[PDB]
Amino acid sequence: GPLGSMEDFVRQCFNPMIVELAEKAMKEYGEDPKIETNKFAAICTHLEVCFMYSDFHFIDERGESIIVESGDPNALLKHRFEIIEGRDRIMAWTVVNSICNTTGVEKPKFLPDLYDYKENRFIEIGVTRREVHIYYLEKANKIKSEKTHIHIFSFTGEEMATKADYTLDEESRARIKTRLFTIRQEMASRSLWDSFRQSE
């Protein structure tokens, strides 16, 4: 079929909030979304997975973890996750320092993606177009800090997580995998996938 533009794919297939946050992130690092387009799409995808990982997960009045998918969570519930990704560098470290001084949890050396108030740990989310194990190993080597939990998704449904602890229920992680499958399939119909995959 005809080759589409990755720009078009991104703007048509990700929520505008995600696209804007990705643009802001690339600007901050001196990267042009209109030239590093596979990167733009990868940044959107990862950001979306971070949001999806956190979506609908609360902690109840009794202090326990619950899932609320209706868009009307009662006011006494607290979000289970803090989202660190998507924030500019100053605000991200501000949020991390806050958590670390509050919870007593040690300070990471690089910004992680989420903080889990149930499991009391930072999470690094990975999304890879390669084998999850190789990618798990790469993230781990950069982290070097036994505290941060790593959770890797691929575009083909494989996951790998620290100590085989997957944090979330199967249905939550299936939502993420279904979304990644949808992204891959749509890129493929626009003849964007092979390149996108190979560029990692």
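When you see a residue number, it is the position in the sequence shown, counting from 1.
Engineer: Should the higher mean CA B-factor in the entry be assigned to 168 to 176 or to 60 to 68?
Structural biologist: Comparing averages over the C-alpha atoms only gives 60 to 68.
Engineer: Taking the recorded C-alpha temperature factors, which stretch has the higher mean, 74 to 82 or 90 to 98?
Structural biologist: According to the entry, 74 to 82 carries the higher average C-alpha B-factor.
Engineer: Can you tell me which of 147, 46, 151, 39 has the highest Cα temperature factor in the record?
Structural biologist: Spelled out: the listed residue with the top C-alpha B-factor is 147.
Engineer: Go through 127, 111, 114, 105 one by one and give the residue whose Cα B-factor in the PDB entry is largest.
Structural biologist: Across 127, 111, 114, 105, the entry lists the biggest C-alpha B-factor for 105.
Engineer: Just say lowest, middle or highest third for the CA B-factor of residue 135 relative to the other modelled residues in its chain.
Structural biologist: Top third by C-alpha B-factor.
Engineer: Comparing against every modelled residue in the chain, figure out the third that the C-alpha B-factor of residue 155 lands in (lowest, middle or highest).
Structural biologist: For residue 155, the deposited C-alpha B-factor lands in the middle third.
Engineer: By the record's CA B-factor, is residue 141 among the lowest, middle or highest third of residues in the chain?
Structural biologist: For residue 141, whose C-alpha B-factor we compare with every modelled residue in the chain, the answer is the highest third.
Engineer: Splitting the chain's C-alpha B-factors into thirds, which one does residue 50 fall into?
Structural biologist: For residue 50, whose C-alpha B-factor we compare with every modelled residue in the chain, the answer is the lowest third.
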